[PDB]
Amino acid sequence: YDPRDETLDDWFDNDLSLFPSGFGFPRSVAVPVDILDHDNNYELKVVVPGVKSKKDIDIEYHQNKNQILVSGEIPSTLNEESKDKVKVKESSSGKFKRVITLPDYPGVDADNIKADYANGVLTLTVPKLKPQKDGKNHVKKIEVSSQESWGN
Amino acid sequence: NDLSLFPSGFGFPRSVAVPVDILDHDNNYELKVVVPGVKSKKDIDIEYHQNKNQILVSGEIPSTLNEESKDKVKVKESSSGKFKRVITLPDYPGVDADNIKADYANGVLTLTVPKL
Amino acid sequence: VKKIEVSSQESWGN
Amino acid sequence: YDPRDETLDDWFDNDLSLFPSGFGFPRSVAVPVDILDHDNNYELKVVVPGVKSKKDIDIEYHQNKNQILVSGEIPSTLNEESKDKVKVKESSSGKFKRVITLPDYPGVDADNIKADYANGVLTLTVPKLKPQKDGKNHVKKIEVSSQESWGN
Amino acid sequence: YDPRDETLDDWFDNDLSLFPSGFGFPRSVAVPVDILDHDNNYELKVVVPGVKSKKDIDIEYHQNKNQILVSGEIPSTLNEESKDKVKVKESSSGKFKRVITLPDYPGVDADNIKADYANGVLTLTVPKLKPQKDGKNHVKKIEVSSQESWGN
């Protein structure tokens, strides 16, 4: 993936999931998403960045892009008497956008899309009735023959 | 306007950089740290010093492993590990050291140090 | 047709 | 090569258990050190490769620094008539000292120090039967409510 | 020289100065070992780095290869809840294994070896009856051709 550091640290017992390559997800503010791949359902958990609201986060799907579009506003403060700071490093943006292309393979279903907000994290449980065929190769032709028990 | 304008005339020494916002409202010391997706509020300890009279917070956001409900393809995952918030309060005796309350809600940890 | 979601609340802890 | 998990595992192929922590540390001139922490009693083990009698080691408490005076010497095998000094290698540490720095708050005991000698291992337990300088001892009060069961 | 160990090594001139022969039997966990060579006994002090155990360390002789074998584990610390590691660095390898090719001449009888552990050091004394004939030569030969001083 990367030259050294971020290729090897992707396995279990301290952070990450296996991550060879990757395609860009257009967004403001970069925060990971877990994809639980199944053919009976599909998971999208978008870690919302400590937003106290959740009713100002609009979740919608483009059937014109095949992408899940979630937008929201990151908390911000304005200089006031009853606000007085000693330290500040709060975010670096006041608005957050994620544009997510699903690598779920042709057979997408999201028009039945349902959402939940759990633990300060937006979780979208995406119904799937497809694909069971017609992925990369039209009608799956996975290894099922070897002319023996496994071949030797 | 995502942080705010604040000239440096105060500062409390600290290690590890995470999004923070010290807030002083009435007479309390309050801090908003971005810690979302932390399962249980007992994975973050909020310890108030009885030998310094100061707040001290540490936490850890659960770390992603290799999963049997996820097929690994090209999907990134990340979290922040162990971290410590070293906040010093030169607020002096006259502050209640037994009435500190922390409010972890919506992925936002809100602290209150009364000073009733 | 454009679809929207509006799932919110559940602010009682878990 | 840089798996923080395997880095810590490689550290823990030298002691075979769970996880480390951080406390103290200032020292000048390296000697064997094993810093293990109980409830508030702290443990120090300095390996000796055998020593002639137990009168070659002194244990006291620094009354002017709030430190612990641990000092010893292990004699060298010398004037051997059994076999000439032309083959074999022997090394035994000379005059070593250990300066133990504890920023552990007032309530340390300087008379209840116990040093145990057995199996050629220096065993040191420093009480610490009172961590706090406050009236309540061993008490740090934490969060008790948050108006939600966890947070979401 | 300038190092303490080096000037100590130079101070082992008690009938000749001691410096490395140019060989040393396999070592895991660097700790020296002492041999005293004789044909009436062979005295071997395996310097042990402070093992708490004394039933888990094994001593065996191989009469087929004529190698004395001593091996065991270094007992490492644990992290539990009344054991909380900070930093430690003893027990660099958990397994130590001692093979020695005896340079005490053939005729050694190490089936009469005695083992005892005390002070933090393993002490092994191998009593000898042979060598005294049928050792390196069958009935020893000493050159007695000498004198003839009167000029020529």
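Details of the structure are given in the entry above.
Positions along each chain are numbered from 1 by the written sequence. They may not match the entry numbering, and residues without coordinates are not shown. Written order decides the labels, with chains lettered from A and ligands numbered from 1. Calculation of side-chain values draws on the structure's entire complement of heavy atoms; hydrogens and water are dropped beforehand.

**Remarks on the pattern of salt bridges**
Put simply, the test is: For this analysis, a salt bridge means a side-chain nitrogen from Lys or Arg found within 4 Å of a carboxyl oxygen belonging to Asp or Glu. Three exposure classes are used, based on accessible area relative to the maximum for each residue type with a 1.4 Å probe and protein chains only: buried under 20%, partly exposed in between, and exposed over 50%.
Applying the stated criterion to the full structure yields 17 salt bridges over all chains. Note that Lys85 of chain A is salt-bridged to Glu90 of chain A, the shortest N-O span being 3.9 Å. Taken individually, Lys85 of chain A and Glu90 of chain A each receive the classification buried, so the pair is uniform in this respect. Between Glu67 of chain B and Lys72 of chain B there is a salt bridge, with the nearest N and O atoms lying 3.9 Å from each other. The class for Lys72 of chain B is partly exposed, based on a relative accessible area of 24%. Connected through shared salt-bridge partners, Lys85 and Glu90 of chain A together with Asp21 of chain B make up one network.

**Here's the deal with the side chain of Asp109 of chain D**
Residue and element names in this part refer to chain D. Short version of the rule: Numbering of helices and strands starts at the N terminus; helices are DSSP runs of H or I of at least 4 residues and strands are runs of E of at least 2. Think of it this way: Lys and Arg go in the positive column, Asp and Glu in the negative one, and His and the chain ends go nowhere. N or O atoms within 3.5 Å of each other form a polar contact, as long as, within protein, one can give a hydrogen and the other can take it, and as long as residues adjacent in sequence are counted only when both atoms are side-chain atoms. Should any heavy atoms of two residues lie within 4.5 Å, those residues are considered in contact.
Inspection of the secondary structure puts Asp109 in the loop between β5 (95–101) and β6 (114–118). For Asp109, which is buried and forms no salt bridge, the nearest opposite charge comes from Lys128, at a distance of 7.5 Å. Only 3.2 Å separates the side chain of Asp109 from the side chain of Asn112, close enough to count as a polar contact. When sequence neighbours within four positions are dropped, the list of residues in contact with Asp109 reads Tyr61, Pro127, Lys128 and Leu129.

**A short note on the environment of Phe23 of chain D**
Mapping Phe23 of chain D onto the fold places it in the loop between α1 (4–11) and β1 (34–37). Classification of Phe23 of chain D as buried rests on a relative accessible area of 18%. Expressed as a C-alpha distance, the spacing of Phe23 of chain D and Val126 of chain D, which sit 103 residues apart in the sequence, is 15 Å. Filtering out sequence-adjacent residues up to four positions away, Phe23 of chain D remains in contact with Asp37, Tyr42, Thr101, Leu102, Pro103 and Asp104 of chain D together with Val86 of chain E.

By themselves these figures say nothing about function.
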